[PDB]
Amino acid sequence: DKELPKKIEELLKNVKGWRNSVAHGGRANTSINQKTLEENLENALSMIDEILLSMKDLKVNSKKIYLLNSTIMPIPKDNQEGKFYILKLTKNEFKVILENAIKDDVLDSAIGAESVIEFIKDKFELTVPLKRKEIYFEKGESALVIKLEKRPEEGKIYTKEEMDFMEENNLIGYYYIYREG
Amino acid sequence: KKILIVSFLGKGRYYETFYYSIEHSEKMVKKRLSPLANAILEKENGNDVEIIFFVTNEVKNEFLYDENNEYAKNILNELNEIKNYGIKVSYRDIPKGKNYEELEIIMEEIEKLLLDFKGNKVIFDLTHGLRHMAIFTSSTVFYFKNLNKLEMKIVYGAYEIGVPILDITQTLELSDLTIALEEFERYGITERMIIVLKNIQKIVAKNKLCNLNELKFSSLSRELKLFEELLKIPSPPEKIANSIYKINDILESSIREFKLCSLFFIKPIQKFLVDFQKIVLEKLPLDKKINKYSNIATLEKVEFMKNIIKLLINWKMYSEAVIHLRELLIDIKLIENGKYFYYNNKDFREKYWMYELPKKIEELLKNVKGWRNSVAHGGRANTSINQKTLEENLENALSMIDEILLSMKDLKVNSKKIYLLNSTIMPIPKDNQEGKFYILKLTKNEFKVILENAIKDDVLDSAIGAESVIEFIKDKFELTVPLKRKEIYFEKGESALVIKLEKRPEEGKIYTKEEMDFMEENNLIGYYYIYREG
Amino acid sequence: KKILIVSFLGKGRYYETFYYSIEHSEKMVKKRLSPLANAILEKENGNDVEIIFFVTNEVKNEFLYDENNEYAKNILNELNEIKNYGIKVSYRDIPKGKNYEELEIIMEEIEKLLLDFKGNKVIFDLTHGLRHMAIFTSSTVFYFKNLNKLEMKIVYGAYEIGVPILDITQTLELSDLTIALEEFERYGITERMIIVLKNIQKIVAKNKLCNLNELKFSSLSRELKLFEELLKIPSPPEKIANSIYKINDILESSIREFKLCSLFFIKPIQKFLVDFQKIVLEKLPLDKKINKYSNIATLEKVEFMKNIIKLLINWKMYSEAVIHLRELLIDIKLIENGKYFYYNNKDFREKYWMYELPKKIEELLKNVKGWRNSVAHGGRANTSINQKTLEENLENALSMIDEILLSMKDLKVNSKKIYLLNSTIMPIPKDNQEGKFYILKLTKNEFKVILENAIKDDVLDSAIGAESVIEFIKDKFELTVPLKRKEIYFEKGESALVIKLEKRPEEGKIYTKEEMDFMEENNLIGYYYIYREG
RNA sequence: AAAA
RNA sequence: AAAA
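Residue numbers (our numbering), protein chains in the order written: chain A, 1 to 181; chain P, 182 to 715; chain C, 716 to 1249.
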């Protein structure tokens, strides 16, 4: 919509063209010479500087991000099928997304165990609501997820003291879930 | 309340008689003719009554001039008195009906009358006149009734039951119902028949002979209309199966209710009900409960749809047959490649609209696709297909669907690992960093079918981790499933059946199998299929 | 040659009479009843003849026991003698036809008879019996004729024309033709009507009343069948226009030929011919010669196709209407973007199936495309569309096609440079090193239309280099075109009309305009459209 | 991992 | 460049 995405899209259009010039050997009359390319690279770098300014303030409006403690794929009772995408994140990636969700005011926590509240509050110095509710993924919604990379006995809940050791050996997993359909 | 009466004229001994209309026998009229007692009885209901007589000129002169015709002078004098309390009577001349041309002149007279009338009802009192004339006119009404629909009644004054003038509208009814029966029987048109069905219902409702709500004539007619609309307009096989199953159940109840009800002629309405019996339902794989497999491709669903293709052809609906044939072949590709769970997924369907036995299947797709495009693109850009070629191709394709469907009930599409899980999770290998998953809601029947087949193919990888879920599956489905509360990981292309609680209990709570049964009663137990596409 | 006769029984004075069948009046039989003279005349043709009488039990006893019934004993004695040279006669009992139930018992009797017969013909001698019975049976035949089709004849022994027994098969004919007329009139079905058309032709051919080859009934029926097949099966608008134009010409010749031909009942066959008059042809833009614009998209062709969409809807053919509506909107996009020359090019058509007034046009495409897919994909993957929504959408789209078609007859799609060339060459700029060209064969009418419009839009760039070609164009098309024997070069997107010799003369030869006329007579002059796409 |  |  706004002026900024138009700026970004145009700069791709042009970068694309002259990358293709490099990337197909200029065949079929699409050549670029060294000096024009070097000029274009510099012009383009100026505008990247400009774009990176405009974006460094942009309240990039993250929509609802649910917070889950399982990599489940609930869809509305409304829906009969779904397509989901899951990505493994690092503890840093997890912290970054979570922090931003909290600051943008877009986090929908469904963390149903206080021991996870304990864990998040300690390991990330972020306080997250405890809410044992169903959520359902509407198309285009996202979830941060934190799960045990182990399936214990039933009913077992780990003390935060044990979870520290779990976190020690990469036995606590962070995930991003996106519903594409 | 404005009525026109038509009758021929005769040359017999026209007696003076007692005439009463059957539907109200307390009223009688002394006249020497049928139309005259008719017209007097009708003006007896505050109606406007006029008459017209078709008099062969031979009757005009031989009879109605000879004052040496005792009864003829009788009749003419009564005619003159018919001016009475106001009744118009007048005559057109007609030929003997000797040959083709004469019967046609009689028809043109009937036409002239019909058009020129500015009233409500026309009564065809075929009583008098050379009957030879009367037989033609009865059919003549049928023709002209369906080719301005005002109102008919055809009557006959029987002398030797005295003498009541009898409704004989039924004679044109049965030819009306002949149009209805044929139009449906050859073309599946329900328009005509819905009149009779709502017709008979209102009468039994107005007279408590049969028991509506056991006839369910309202349901039967509404379902007939929708089933025709689902045939004419290519529609999901799920809707077709739904209506066909509703119509089986409705049909059985109304069949029970008929019972020679104590006026609602019974035999024709039964002749048609059997046509659906024979034309529609009796060629359909109903013992499989197609209604219960709404979400996946199955070989029985392919069978149901194959016969629906056959019926579409029987009713001159060839182009809907081609459309359905192509979608059916995508259903077969789905099944034969183990993608049956993608049934109602638009993307996969077009991805397989592009992407010995499999070779046979794919050649048949290529060719069916071609013919579908000929139809679905108006034959544009010189891709037309004509009817005879299309029906030829349709029959060959159906024959080969049978060949394939046999050779396929043998091919055990050897399902690889199907995990059985008790939650809708997407675990991937620690090797992996991302994954793309597809989740589909399953019916209890679909779930049981997938599971049953997985066990018999010996490809089930149970990771069911609660003993009560083992409990519940074994009872509710009579299938035995290992308790193995382990991690699993989806490789690309692996699939899981899932059995889950559709509610979030307190932490740690495990429901007992009795409780799972209770949840399942009010639909808090959910079945799913999960597939990793990437 | 094996025949079953059916008649009721009466209680009047059954006289001894002279009976002759009309179609052979040299033979007569002295009997007191109609079926008896009938049966004797029939065994007079080396046939197997049997009889059956429907005798109300009241007739059984009141009449045929009283030996104090002078004529009744007459009749029974003649019955006994009917054993004669071999004629079986036997009776079933019937009720009075007092009410619904009784008429139905009479029907069931008729049914029993019909099924149990193992012969060829059944003659319904409705002469005797309470006529009230006879009126019902005539219709009863219609019903049962269309619901085992063996053979009918219905006859009437008229006393007071002596006495000839008269074929009255026509009474069931006209109700037969009522099924034919309705089925076509509401549904465009030609099955029924083709019987009558071939029927009447064979009779006039067998009796030289009308002049076939001016009736062309063979052509009319064959064209009727193909036109129905082109309606039911979505077909190129070129075939639809072709058949409609052939059927106009055929219809005018057969209409002329009818002439009250000196047995081939005339009025119904005329009623139907007018239905096509009114239903089909009279709502069609025929003054434009659509047949002559077979290769390009035109606004008049869009008009013809819009009305064909309307007719498709009138005959409950909604799904063909959706298909044709989408292709029609691609035709409109083609025209409005000046790509009309791509009409029958499959690639361009799908490239525009993807790629204020234009905004209106594109929104209407989006929506029409959606509904087409609902139909052409079986509503699969939950994309179904129902009949009521579809017809609602069809009417809205037709209304907006009218809006657009008006607002478009104003929009001069401002053709840029159209070269006029006299050879099918592909010259490109010296700037350019490659080019991609599209060449399309044009009709003399298409060529003249493109040229005419180019001149009036003032966008023609003539490079016609022979004075005689200027000569020929001006005469043959009454259009004036500059002589400018220059190089031109196609830029991307430029177009040329071309007028060319379809023969390679000796070198250097220029044909004079007289010679060009001579070539054009035997089709050695070719018209083309050339477009540079790249 | 019937929502670590 | 009505097939330089």
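Positions of the beta carbon are idealized from the N, C-alpha and C atoms, including for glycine.
Asked: Among C:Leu1126, C:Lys1163 and C:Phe1205, whose alpha-carbon lies nearest the alpha-carbon of C:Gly1150?; Found: C:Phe1205
Asked: For a cutoff of 8 Å on Cβ pairs, would you count C:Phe991 as touching chain P?; Found: no
Asked: Determine the extent of the alpha helix (DSSP H) in which C:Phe733 is found, giving its start and end residues.; Found: No alpha helix (DSSP H) contains C:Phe733, which is instead part of the beta strand (DSSP E) from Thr732 to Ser736.
Asked: In chain order, what are the residue ranges of uninterrupted alpha helix (DSSP H) at least 4 long that sit wholly in the stretch 388-474 of chain P?; Found: 398-413, 418-439 and 448-456
Asked: What are the boundary residues of the alpha helix (DSSP H) that P:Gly551 is part of?; Found: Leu538 to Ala557
Asked: Exposed or buried, what is C:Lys1054 when buried is set at 16 or more other beta-carbons lying within 10 Å of its beta-carbon?; Found: buried
Asked: Please confirm if P:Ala647 has its CB atom under 8 Å from at least one CB of chain A.; Found: yes
Asked: Does any C-beta atom of chain P lie closer than 8 Å to the C-beta of C:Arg846?; Found: yes
Asked: Mark A:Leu52 as exposed unless 16 or more other C-beta atoms lie within 10 angstroms of its C-beta, in which case mark it buried.; Found: exposed
Asked: Check the C-beta distance from C:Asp1172 over to C:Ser1130 and give it rounded, since I have them as a contact under 8 Å.; Found: 5 Å
Asked: Looking at chain C, which residues of the stretch 278-312 of chain P have a Cβ within less than 9 Å of any of its Cβ atoms?; Found: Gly278, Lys279, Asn280, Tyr281, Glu282, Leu284, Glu285, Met288, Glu289, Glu292, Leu307, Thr308, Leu311 and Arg312
Asked: Under 8 Å, Cβ to Cβ, is there at least one residue of chain A near P:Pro663?; Found: no
Asked: So, under 8 Å CB-CB, A:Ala101 and A:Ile135 are touching, yes? Tell me the CB distance rounded to an integer number of Å.; Found: The Cβ separation is near 14 Å, so there is no contact.
Asked: Can you find a CB in chain A that lies within less than 8 Å of the CB of P:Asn526?; Found: yes
Asked: What residues in the stretch 186-215 of chain P bring their beta carbon closer than 9 Å to a beta carbon of chain C?; Found: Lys192 and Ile203
Asked: For C:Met1123, report the span of its alpha helix (DSSP H) as first-last.; Found: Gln1102 to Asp1125
Asked: Answer with buried or exposed for C:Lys1163, where buried requires no fewer than 16 other C-beta atoms within 10 angstroms of its C-beta.; Found: buried
Asked: For P:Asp357 and P:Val187, which I take to be in contact (beta-carbon distance under 8 Å), what is that distance rounded to the nearest angstrom?; Found: Not quite, the Cβ-Cβ distance comes to about 19 Å (not below 8 Å), so this is no contact.
Asked: Cβ of C:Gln916 within 8 Å of Cβ of C:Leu930?; Found: yes
Asked: Alpha carbons only, please: which of A:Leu107, A:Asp108, A:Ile157 and A:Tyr85 is nearest the one belonging to A:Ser115?; Found: A:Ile157
Asked: So, residue 147 of chain P versus P:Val679, is the Cβ gap smaller than 8 Å?; Found: With chain P covering 182 to 715 only, the question about residue 147 of chain P has no answer from this structure.
Asked: Would you list the residues sitting across from A:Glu81 in a DSSP beta bridge?; Found: P:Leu621
Asked: Who does C:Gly1241 pair with in a DSSP beta bridge?; Found: C:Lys1215
Asked: With three or more C-beta pairs closer than 8 Å as the rule, is the stretch 420-429 of chain P touching the stretch 462-476 of chain P?; Found: yes
Asked: Please report the straight-line C-alpha distance between C:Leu887 and C:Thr852, rounded to a whole angstrom.; Found: 10 Å
Asked: State the start and end residues of the unbroken beta strand (DSSP E) segment that holds P:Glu231.; Found: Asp229 to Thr237
Asked: With a threshold of 8 Å between beta-carbons, can C:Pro810 be considered close to chain P, or not?; Found: no
Asked: From C:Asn1060 to C:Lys921, what does the alpha carbon distance come to, in whole angstroms?; Found: 50 Å
Asked: Use the C-beta contact count for P:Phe699: other C-beta atoms within 10 angstroms, 16 or more gives buried, fewer gives exposed.; Found: exposed
Asked: Specify the secondary structure class of C:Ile718 as computed by DSSP and reduced to three states.; Found: strand
Asked: C:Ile1165 and C:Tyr1244 - do their beta-carbons sit closer together than 8 Å?; Found: yes
Asked: Beta-carbon of A:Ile86 versus every beta-carbon of chain P: anything under 8 Å?; Found: yes
Asked: DSSP state of A:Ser115, grouped into three classes?; Found: helix
Asked: Considering only C-alpha positions, which residue in the set P:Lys448, P:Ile287 and P:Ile489 is nearest to P:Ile471?; Found: P:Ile489
Asked: Does the distance from the C-beta atom of C:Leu889 to that of P:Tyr324 stay below 8 Å?; Found: yes
Asked: Assuming the contact rule is C-beta atoms closer than 8 Å, P:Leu217 and P:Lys208 should be a hit. Round their C-beta distance to whole Å, please.; Found: With a Cβ gap of about 14 Å, P:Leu217 and P:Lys208 do not count as contacting.
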